[PDB]
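Step one of this worksheet: look at the structure below.
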Amino acid sequence: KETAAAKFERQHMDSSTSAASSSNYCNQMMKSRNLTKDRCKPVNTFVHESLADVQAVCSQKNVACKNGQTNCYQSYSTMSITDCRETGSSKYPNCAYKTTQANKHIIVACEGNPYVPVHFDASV
Ligand SMILES: O=c1ccn([C@@H]2O[C@H](COP(=O)(O)OP(=O)(O)OP(=O)(O)OP(=O)(O)OP(=O)(O)O)[C@@H](O)[C@H]2O)c(=O)[nH]1
Ligand SMILES: O=c1ccn([C@@H]2O[C@H](COP(=O)(O)OP(=O)(O)OP(=O)(O)OP(=O)(O)OP(=O)(O)O)[C@@H](O)[C@H]2O)c(=O)[nH]1
């Protein structure tokens, strides 16, 4: 299986790099994190901060989730992130992405005891 918290780490955590510097980043990362296995996941964000810093967002600014649930949290500080967006050239299983780097506040949904990120909602 996979816990929701572990799935969030696989899909959205990349503390190893400070920022997307390779235009290849998303093509490589979407594949290696298994987000192109059964389909090209259309949009996905990787966060370039420590796991502790991202987990800490679960105690920061409570905001509504896009789906209407109330368990979303916005980071007080901007964080370094990389948005990966599927191109038009992209046809599964050769999924192609544009790599966009930005510094933005992240919004995650949190659940559980301990209370940890389980879903990436948005960046603002
Ligand atoms: O920044 C993001 C957003 C999403 N995700 C991931 O993608 C999965 C679906 O998330 P969505 O259900 O939200 O698919 P979207 O395309 O984001 O939303 P729509 O376009 O339908 O409506 P909008 O035009 O309002 O969206 P926008 O213009 O960006 O505000 C989600 O589970 C995350 O893993 C992410 O990692 N980083
Ligand atoms: O606003 C929200 C949204 C969700 N949740 C909860 O957060 C948990 C994981 O949410 P998801 O289970 O839906 O996982 P997501 O990160 O959301 O994005 P996707 O599943 O689309 O990516 P894939 O389906 O492609 O996964 P894969 O192909 O295996 O790599 C779940 O318990 C929700 O109830 C939440 O509390 N507030």
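Throughout, chain A uses Swiss-Prot numbering, with the displayed residues spanning 27-150 in order.
So how was this one determined? The header says X-ray crystallography, 1.5 Å.
Placement of Cβ uses the backbone N, Cα and C atoms for every residue, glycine included.
Feature annotations, reproduced from Swiss-Prot:
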- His38: active site, proton acceptor (ACT_SITE)
- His145: active site, proton donor (ACT_SITE)
- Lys33, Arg36, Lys67, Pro68, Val69, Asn70, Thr71, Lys92, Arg111: substrate binding site (BINDING)
- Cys52-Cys110: disulfide bond (DISULFID)
- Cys66-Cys121: disulfide bond (DISULFID)
- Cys84-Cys136: disulfide bond (DISULFID)
- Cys91-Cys98: disulfide bond (DISULFID)
- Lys27: glycation site (CARBOHYD)
- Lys33: glycation site (CARBOHYD)
- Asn60: N-linked glycosylation site (CARBOHYD)
- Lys63: glycation site (CARBOHYD)
- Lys67: glycation site (CARBOHYD)
Least buried of the recorded positions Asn60, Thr71, going by other Cβ atoms within 10 Å?
-> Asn60
Around ligand 1, within a Cβ distance of under 6 Å, which of the recorded positions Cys66, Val69, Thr71 show up?
-> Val69, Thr71
Counting all other Cβ atoms within 10 Å across every protein chain shown, which of the disulfide-bonded residues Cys66, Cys84, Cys91, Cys98 scores highest?
-> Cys98
Listing them in sequence order, which of the recorded positions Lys33, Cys66, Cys84, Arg111 have their Cα within 10 Å of that of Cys52 (disulfide bond)?
-> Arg111
Of the recorded positions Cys52, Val69, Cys91, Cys110, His145, which ones put their CB under 6 Å from ligand 2?
-> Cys91, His145
Between the recorded positions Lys27, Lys67, the one whose Cβ has the fewest other Cβ atoms within 10 Å is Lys27
Cα-nearest neighbour of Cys98 (disulfide bond) within the listed recorded positions, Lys67, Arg111, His145 = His145
Residue among disulfide-bonded residues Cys52, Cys121 with least C-beta crowding, 10 angstrom cut-off = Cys121
